[PDB]
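Here's the structure we're looking at; comments come further down.
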Amino acid sequence: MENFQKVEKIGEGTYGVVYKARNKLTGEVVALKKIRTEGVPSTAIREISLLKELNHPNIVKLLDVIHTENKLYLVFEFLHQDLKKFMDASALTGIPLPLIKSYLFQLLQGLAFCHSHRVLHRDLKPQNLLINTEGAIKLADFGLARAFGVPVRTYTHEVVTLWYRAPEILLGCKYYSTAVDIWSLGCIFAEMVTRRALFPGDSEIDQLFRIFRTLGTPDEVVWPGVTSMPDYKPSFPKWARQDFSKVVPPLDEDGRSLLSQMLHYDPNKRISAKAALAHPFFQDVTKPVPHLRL
Ligand SMILES: NC(=O)c1cc([N+](=O)[O-])c(Cl)cc1NCc1cnc(Cl)nc1
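Mind the numbering: the sequence shown is residues 1 to 36, 41 to 298 in full-length UniProt numbering, read in order.
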């Protein structure tokens, strides 16, 4: 815009282009996201306007929402790096466990807050987790499907990452619950630990089958109602659950226990962010300083 001075393009966003910009007046540096149209949902803008109130230390602040012309501008507090880049940079050595624990703990605090205010993220992934030099990590770019939604891609040809999608979403459930976020965070937790994506599916069915191959094909015993789900097929292959210690070695039993609860198939059995915070895994949590190279 004109009130802002573009610094550089931070890339593509789940909905549009993103720029690092400076407010010519306040001099503050922000992330400016330009969103896609037939008049722009007057309901969406209200939804968005609601999130501006959602303030928490582990949630990227939505500073402003500006609807002008056929474009929508979202102004966010700026953070220099995302967890995906950080994980790639830590690939050879791995993120120290104390930092993994600190990040997981902060993300659960953020989720507990959002969920207590009936806000779902719905599209958690490493790239949507931002970090700073102070050791903080924050939840960004909430993709409320009931706030704007999502077409075939982001809005302009872009392979949607399904790696962190909960099974109920893949099985066609129409109503997402706070559980979908816990699932995604469990997938991220596993990835920070092993330094490899837990379920790197390349299609919706491959995503689902990779989950089944690891956690076992779900049945009525572990997930009541699963065989009645919209996209469930009795023809799904039946895979045996793999031993859990093979999945995120060499994570300790406290960690494996928490992860297993974050990855329960039944959304109703899946642990809540609030309850996960009380898990013994966090008895010795601290807040380390990451080695960030900006
Ligand atoms: N809130 C933000 O600061 C932020 C927002 C969006 N976004 O609105 O979608 C995106 Cl992509 C990245 C962000 N920052 C991380 C980052 C990464 N690489 C560089 Cl060079 N600068 C910042």
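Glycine is no exception: its CB is placed at the ideal position from the N, C-alpha and C atoms.
Would the beta-carbon of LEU262 fall within 8 Å of that of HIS283? The count along the sequence shown starts at 1 and reaches residue 262 at position 258. The count along the sequence shown starts at 1 and reaches residue 283 at position 279. Closer than 8 Å, so yes.
Decide yes or no for the touch test of the region 239 to 255 against the region 181 to 188: beta carbon pairs closer than 8 Å, at least 3 of them. no
At a cut-off of 7 Å, would you count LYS20 as near ligand 1, judging by its Cβ distance to the nearest heavy atom? Residue numbering aside, residue 20 sits at position 20 when the sequence shown is read from its first letter. Yes, ligand 1 has a heavy atom inside 7 Å of this Cβ.
Helix, strand or coil for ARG214, going by three-state DSSP, please let me know. Stepping through the sequence shown from its first residue, residue 214 is reached at position 210. Reduced to three states, the DSSP call for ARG214 is helix.
I need the DSSP call for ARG22, collapsed to helix, strand or coil. In the sequence shown, counting from the first residue as 1, residue 22 sits at position 22. Reduced to three states, the DSSP call for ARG22 is strand.
Going by DSSP, which residues form a beta bridge with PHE4? Reading the sequence shown from its first residue, position 4 is the one you call residue 4. Paired residues: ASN23.
Contacts around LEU103, its chain only, beta-carbon distance under 7 Å, and the 5 residues preceding and following it disregarded: Against the sequence shown, residue 103 aligns to sequence position 99. Same-chain partners within the cutoff: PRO292, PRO294.
Let me check understanding here. Comparing Cα to Cα, which of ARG217, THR137, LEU124, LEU133 lies closest to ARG150? Sequence index remark: in the sequence shown, residue 150 carries index 146 (1-based). Checking every option, the nearest Cα to that of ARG150 belongs to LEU124.
Segment limits, beta strand (DSSP E) that includes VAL79: Taking the first residue of the sequence shown as position 1, residue 79 is located at position 75. Looking at the DSSP string, the run of the beta strand (DSSP E) that includes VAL79 is 75 to 81.
Roughly how many angstroms lie between the CA atoms of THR26 and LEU255, to the nearest whole one? For this step, residue 26 is matched to residue 26 along the sequence shown. For this step, residue 255 is matched to residue 251 along the sequence shown. Rounded to the nearest angstrom, the two C-alpha atoms are 46 Å apart.
When DSSP labels each residue in this structure, what does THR72 get in the three-state scheme? One-based indexing of the sequence shown puts residue 72 at position 68. In this structure, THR72 counts as strand in the three-state DSSP scheme.
Taking the alpha carbon of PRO171 as the point to measure from, which residue in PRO100, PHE203, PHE90 has its own alpha carbon closest? Position 167 of the sequence shown, counted from the first residue, corresponds to residue 171. Minimum Cα distance to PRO171 is reached at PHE203.
Contact between the region 58 to 70 and the region 109 to 118 is defined here as three or more beta-carbon pairs at a separation below 8 Å; is this criterion met? yes
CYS191 versus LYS6: straight-line alpha-carbon distance, rounded: Position 187 of the sequence shown holds residue 191. Position 6 of the sequence shown holds residue 6. Each residue's alpha carbon lies about 35 Å from the other.
With distances taken from CA atoms, which of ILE99, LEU143, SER106 is nearest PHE80? Indexing the sequence shown from 1 puts residue 80 at position 76. When each option's Cα is compared against that of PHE80, the closest is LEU143.
Which same chain residues, not among the five before or five after residue 326, have their C-beta less than 6 Å away from its C-beta? Residue 326 lies beyond the residue range present for the chain, which begins at 1 and ends at 298; the question has no answer from this structure.
Spatial distance of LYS273 from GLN265 (CA atoms): As a working mapping, residue 273 is identified with position 269 in the sequence shown. As a working mapping, residue 265 is identified with position 261 in the sequence shown. For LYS273 and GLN265, the distance between alpha carbons rounds to 8 Å.
Can we count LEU112 as close to ligand 1, meaning its CB is less than 7 Å from some heavy atom? Here residue 112 refers to the residue found at position 108 when the sequence shown is read from its first residue. False, no ligand heavy atom lies under 7 Å from that Cβ.
Can you give, in chain order, each stretch of the alpha helix (DSSP H) that sits fully within the region 238 to 274 and has at least 4 residues? 257 to 266
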